[PDB]
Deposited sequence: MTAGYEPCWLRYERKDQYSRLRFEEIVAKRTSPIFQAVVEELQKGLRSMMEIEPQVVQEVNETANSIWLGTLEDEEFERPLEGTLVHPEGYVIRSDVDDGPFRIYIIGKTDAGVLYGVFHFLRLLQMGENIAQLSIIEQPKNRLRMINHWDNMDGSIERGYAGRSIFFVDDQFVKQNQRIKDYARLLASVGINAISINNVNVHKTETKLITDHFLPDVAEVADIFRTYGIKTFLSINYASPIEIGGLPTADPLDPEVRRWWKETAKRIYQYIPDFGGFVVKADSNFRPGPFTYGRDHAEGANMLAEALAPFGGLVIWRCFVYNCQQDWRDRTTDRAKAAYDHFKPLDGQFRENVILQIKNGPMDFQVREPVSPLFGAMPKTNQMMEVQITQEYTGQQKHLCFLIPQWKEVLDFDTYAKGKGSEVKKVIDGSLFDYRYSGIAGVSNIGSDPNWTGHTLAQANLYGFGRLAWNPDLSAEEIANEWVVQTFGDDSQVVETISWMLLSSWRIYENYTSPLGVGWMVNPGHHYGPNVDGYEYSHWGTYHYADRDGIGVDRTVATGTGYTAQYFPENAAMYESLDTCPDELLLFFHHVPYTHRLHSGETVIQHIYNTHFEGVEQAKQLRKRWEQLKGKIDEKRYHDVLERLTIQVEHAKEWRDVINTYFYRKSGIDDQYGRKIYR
């Protein structure tokens, strides 16, 4: 019915097998049961062996040992250094007797992640004769947000319908949920919100007795795979389903209603993760988001729940005429002032950028600006503005640029990753969340290669220091095999895809220029005169948003001095973000030597040629990939090439018609 994605566990040849007679499972918990089953599955499929599962080591048998520190006979030094609950150690016994692999986790979850790491080593064909590994995740929260609706639709879903809901109910099918959990767990994802942040009528009832049994059934599966379950809530629930006259967070009965709702939820799901909130809301009653979030936080506190408060807030009724109002400044101006007013179990979830998941956006100034408030970054795996899984776009490189961005909050070495992993400000709760890119499509992600974005998200969530190169390598090998041509080719495609897509879309960081509504395809003035605050201000002389303090919106001042100065100056501002920070003449000379207008022409003409190359390189792999996936991808790559041509021409023509400046190289621009 559907692909196994990167958990193929392809059968090894006779020269790449392992000899094991037993699996020693020191524990019998539901998680351990899933761990054992997964190990059996991988070893059976890959090695064609079926070790017996036991609870005590057989001194003379080759074994894989699974357990926690408390299960050890002799606690060696390495595992003794473990402090993170989800951390683990994998080491081969150094003695000369039977072969033994020890997978030691700080907790059961640790053993689960350790096993998937062990299986990953096998899929990649690593020598496990002398292993000595210690791994602890950097981010406490490694979450996935689903924008699934209960009618089956998925907001911004380009990979089919929801695998959770249908006909305003839960799918009677749960086997796919189990395989999805296995996939998420394989890359360390430990938290999930199953419903759209835009909570509609039916979804509002997910926190009521009518649907809680079903939610609990889903949570039971995820729990088995070390995944905590969350629900996006409707802030107006007290009114819509509570029978109350208001949703005011300060109203005594409203506060009580939520506390009772929390209690009720925990009776079905004892380890419920908490609420994800997109917010009639607090503003409706003159309350600020601290008051709004803290009320929900107080309801969940007794149960250990968390409130994930999204900071995607802005004036969705902005006047395009007013160049003093800047949507990019909204998030910071709204939350920065509230630092230190939020309850301990509240985590502010902030998008990587201050606008809205554009192909390229500078880093949200909020990161590093709130020392006393937990923060978590939200990235979008589903490609809303990045190709919608029609165009290939491996998002890992972009996410690393964001994660490695130094905010200088506490001087050099204050990278975003250190802000969200909680080390910089000692955040009790923090991490990263990704908007799911899956659907009912057999290949899960619409575009076969988009599977790499989900895999990659998990890898970065676990350890942001991993290189895009090794993440791509791991994914390709596990998904398509180790043929050097296949690996080198697909890895190259993945690693260069984002830049290629940006080349023929929005120029120099200004973003947008997409069709309104569905957001797919070129439309330079699409939202140019809208009330969404997404403008490029292109005219016959130049383009760009002046966000300088000197003459613009003053957005640059939201960054710490080092970055503020870099963007403030027209001479130091990076080319790739120039139009996001400065309004400049088309003739303005970039650091690359190109005028702004010629740069536009260059990347659009050249981006299309690069897209053709992606397709050509893929075609050269025919015969080395099964026919089904070969054609699924070829189909998409062709769709990409044809659409890229539309992006190229629409943008080139628009700017030629406005600037009146011809392409330096005389390439075809339709007048």
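J.: Which runs of the deposited chain sequence never show up in the coordinates?
T.: Holes in the chain trace, numbered from 1: 1-3, 283-287.
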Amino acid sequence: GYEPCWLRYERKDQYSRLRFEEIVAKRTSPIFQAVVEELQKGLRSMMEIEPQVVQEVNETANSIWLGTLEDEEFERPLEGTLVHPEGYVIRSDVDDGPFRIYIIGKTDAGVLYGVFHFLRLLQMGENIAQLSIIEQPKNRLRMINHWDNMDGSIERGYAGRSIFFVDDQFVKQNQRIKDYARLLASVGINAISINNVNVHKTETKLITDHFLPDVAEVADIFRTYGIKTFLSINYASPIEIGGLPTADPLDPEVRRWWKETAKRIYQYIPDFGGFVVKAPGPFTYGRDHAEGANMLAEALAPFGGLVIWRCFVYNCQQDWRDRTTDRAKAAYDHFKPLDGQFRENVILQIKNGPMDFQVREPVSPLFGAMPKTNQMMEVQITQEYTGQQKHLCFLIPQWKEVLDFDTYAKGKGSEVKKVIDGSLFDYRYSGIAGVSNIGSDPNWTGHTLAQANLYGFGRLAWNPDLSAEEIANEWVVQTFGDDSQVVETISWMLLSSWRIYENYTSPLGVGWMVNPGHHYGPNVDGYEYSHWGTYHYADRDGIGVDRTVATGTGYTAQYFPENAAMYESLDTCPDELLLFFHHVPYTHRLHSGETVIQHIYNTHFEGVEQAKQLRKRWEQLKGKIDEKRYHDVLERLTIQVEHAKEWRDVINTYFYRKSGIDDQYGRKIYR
From here on, numbers count along this sequence of modelled residues.
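J.: Mean C-alpha B factor from the entry: is it higher for 656-664 or for 20-28?
T.: Taking the mean C-alpha B-factor of 656-664 and of 20-28, the larger value falls to 20-28.
J.: Decide which of the stretches 591-599 and 321-329 has the higher mean C-alpha B-factor, going by the entry.
T.: 321-329 has the higher mean C-alpha B-factor.
J.: Per the coordinate record, which of the options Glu240, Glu528, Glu568, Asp356 holds the highest CA temperature factor?
T.: Of the options given, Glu240 has the highest CA B-factor in the PDB entry.
J.: Highest recorded C-alpha temperature factor, please, choosing from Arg182, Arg547, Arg176, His146.
T.: Highest C-alpha B-factor among the listed options: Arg176.
J.: Would you check the entry's CA temperature factor for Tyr158 and let me know if it's in the chain's lowest, middle or highest third?
T.: Its C-alpha B-factor, which the entry lists for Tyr158, ranks in the lowest third among residues of this chain.
J.: Tell me, lowest, middle or highest third: where does the Cα B factor of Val57 rank within its chain?
T.: For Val57, the deposited C-alpha B-factor lands in the highest third.
J.: Please say which third, lowest, middle or highest, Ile49 falls into when its CA temperature factor is compared across its chain.
T.: Answer is highest: the recorded C-alpha B-factor places it there.
J.: What third of the chain does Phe580 rank in for C-alpha temperature factor, lowest, middle or highest?
T.: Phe580: CA B-factor falls in the lowest third of its chain.
J.: Please rank the C-alpha B-factors of the chain's modelled residues and tell me whether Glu642 sits in the lowest, middle or highest third.
T.: Answer is lowest: the recorded C-alpha B-factor places it there.
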